[PDB]
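Just so it is clear, none of the values below were taken in a lab; they were calculated from the coordinates. Positions of Cβ are generated from backbone atoms using ideal geometry, with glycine treated the same way; all protein chains shown enter the neighbour counts.
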Amino acid sequence: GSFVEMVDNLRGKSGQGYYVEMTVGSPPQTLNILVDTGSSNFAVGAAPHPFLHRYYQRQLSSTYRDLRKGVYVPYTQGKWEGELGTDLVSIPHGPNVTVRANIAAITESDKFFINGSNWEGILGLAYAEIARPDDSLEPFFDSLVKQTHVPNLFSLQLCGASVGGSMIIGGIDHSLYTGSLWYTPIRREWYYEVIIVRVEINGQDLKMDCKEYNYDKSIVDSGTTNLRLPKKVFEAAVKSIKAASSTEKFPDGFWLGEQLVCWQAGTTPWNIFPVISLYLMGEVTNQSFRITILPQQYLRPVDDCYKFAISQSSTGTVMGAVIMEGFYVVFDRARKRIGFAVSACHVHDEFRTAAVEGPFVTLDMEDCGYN
Ligand SMILES: NC1=N[C@@]2(c3cc(CNCC(F)(F)F)c(F)cc3F)CO[C@@H](CF)C[C@H]2CS1
Ligand SMILES: [Cl-]
Ligand SMILES: [Cl-]
Ligand code: NA
Ligand code: NA
């Protein structure tokens, strides 16, 4: 309930993700590693790429072990490749333990590292099922719990408007959230797969078949800025959002993310924008709960200017930073469930706050899953 030593261990820039400080090898080599619930591989830069501040020099590690295997990771918006191996890893501002973990030494990349970012590697916090090249490559967290007394749990508080947050490894810190934590079951253990059962725009339900909300999946991803929604769902949300906000007009290219909208410094009409609610499948048969986010979360700032941080997806719902910055997210891996509670650091106005309200009566929530 109290892990002071880990509170505020995350840093980052708006749109460049959240990172924690890790130490790899013997003697320890410090690196800033990106906290990603979207991927399952622990991969750090191993070659002098120009964007990189620092990098893994395997030549200097007494405890480096070569796995004599390569890994090739193409993905939608880029590509990464490297050499597999094992080394001692510890977290300066995390649990007081040292683990032998698999590390992919990144040796070629394209659109992977961000020019201007302050990280050199990625921490894949998801499950082996999606780890590359196969589930036989034990992810870091799996290595962590297997080799220590660290409970199979982690919680993130991502804070937004430079940024910060907390990664509590092996527990929950009560200071990071107000009110109650409501848990949704992890459908499958690959990505952190959850089920959205109902969508409301200022309480006005989107009235779509709930299978649409989760086509083809719904995941909780720290390694994604936007709240990404399935194409059909995105169209419905934008119609509704546009409707709710008609008091002011915006170009068509704004909802598409192609343009920005500016207001005189601190004269933003927050109050004109609706709140967005995602009802998630509850812990009990026929029971749900809802997570409510403000325009503060979806209108990502770039004379004040903002970007519409809601976008159309071809890979299903991605509950990215736009969602995670409003809540304290518990990854209760032991109980195959994900808890949500109001972030003590979420951004809000004197009239509305992000909310986690419950319980609700929702039928055929299993029917919202996609097969
Ligand atoms: N969850 C994700 N992780 C990945 C990733 C993340 C970030 C950073 N995330 C965006 C920021 F910066 F806005 F937060 C990055 F720069 C490069 C990346 F390769 C690593 O896993 C790939 C699958 F193997 C898919 C991509 C995209 S989505
Ligand atoms: Cl406690
Ligand atoms: Cl469908
Ligand atoms: Na509390
Ligand atoms: Na696309």
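Among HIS93, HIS346, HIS53, rank each residue by its count of other Cβ atoms within 10 Å, from fewest to most, as a rough exposure measure.
Exposure proxy ranking, most exposed first: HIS53, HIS93, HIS346.
Quick one: Kirkwood hydrodynamic radius for the chain, alpha-carbon pairs, angstrom, one decimal?
Kirkwood radius, the chain: 21.2 Å.
Just how far, in whole angstrom, is the range 159-216 from the range 335-371 if you go by their alpha carbon centroids?
Cα centroid to Cα centroid, the span is 6 Å.
Apply the Karplus parameterisation 6.51 cos²θ - 1.76 cosθ + 1.60, with θ equal to phi minus 60°, to every residue of the range 235-251 and state each ³J(HN,Hα) to the nearest whole Hz, in sequence, with x for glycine and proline.
Once rounded to whole Hz, the list reads 5, 5, 5, 5, 4, 4, 4, 3, 3, 3, 9, 3, 3, 10, 10, 9, x.
Setting aside same-chain residues fewer than 8 positions from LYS146, which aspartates and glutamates have a Cα under 14 Å from its Cα?
Hits, sequence-local ones excluded: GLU138.
For the range 18-150, take the alpha-carbon Rg, divide it by the Kirkwood Rh, and send me Rg/Rh.
Radius of gyration over Kirkwood radius for the range 18-150 works out to 0.92.
Express in nm, to one decimal, how much length is gained between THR63 and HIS149 on full extension, taking 0.36 nm for each residue of separation and deducting their alpha carbon distance.
Length difference between fully extended and current span is 28.7 nm.
Over all distinct alpha-carbon pairs, what is the Kirkwood Rh of the range 151-371 in angstrom?
17.6
Work out how much length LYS231 to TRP270 would gain on full extension: take 0.36 nm times their residue separation and subtract the Cα-Cα distance, in nm to one decimal.
11.5 nm
Per residue of the range 165-177, what does 6.51 cos²θ - 1.76 cosθ + 1.60 with θ = phi - 60° give for ³J(HN,Hα)? Whole Hz please, x for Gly and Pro, Karplus curve as stated.
Calculated HN-Hα couplings, in order: x, 10, 10, 8, 8, x, x, 10, 10, 5, 5, 7, 8 Hz.
Holding the Cα-Cα limit at 32 Å, pick out from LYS69/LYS232; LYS13/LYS242; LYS69/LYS111 the pairs that are longer than that.
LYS69/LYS232
With charges only on Cβ, +1 for K and R and -1 for D and E, what is the dipole size of the chain about its Cα centre, in debye, rounded to 20?
So the magnitude is around 280 debye.
May I ask you to compute the full-extension gain from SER2 to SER90, defined as 0.36 nm times their residue separation minus their alpha-carbon distance, rounded to one decimal in nm?
My answer for the length gained is 29.6 nm.
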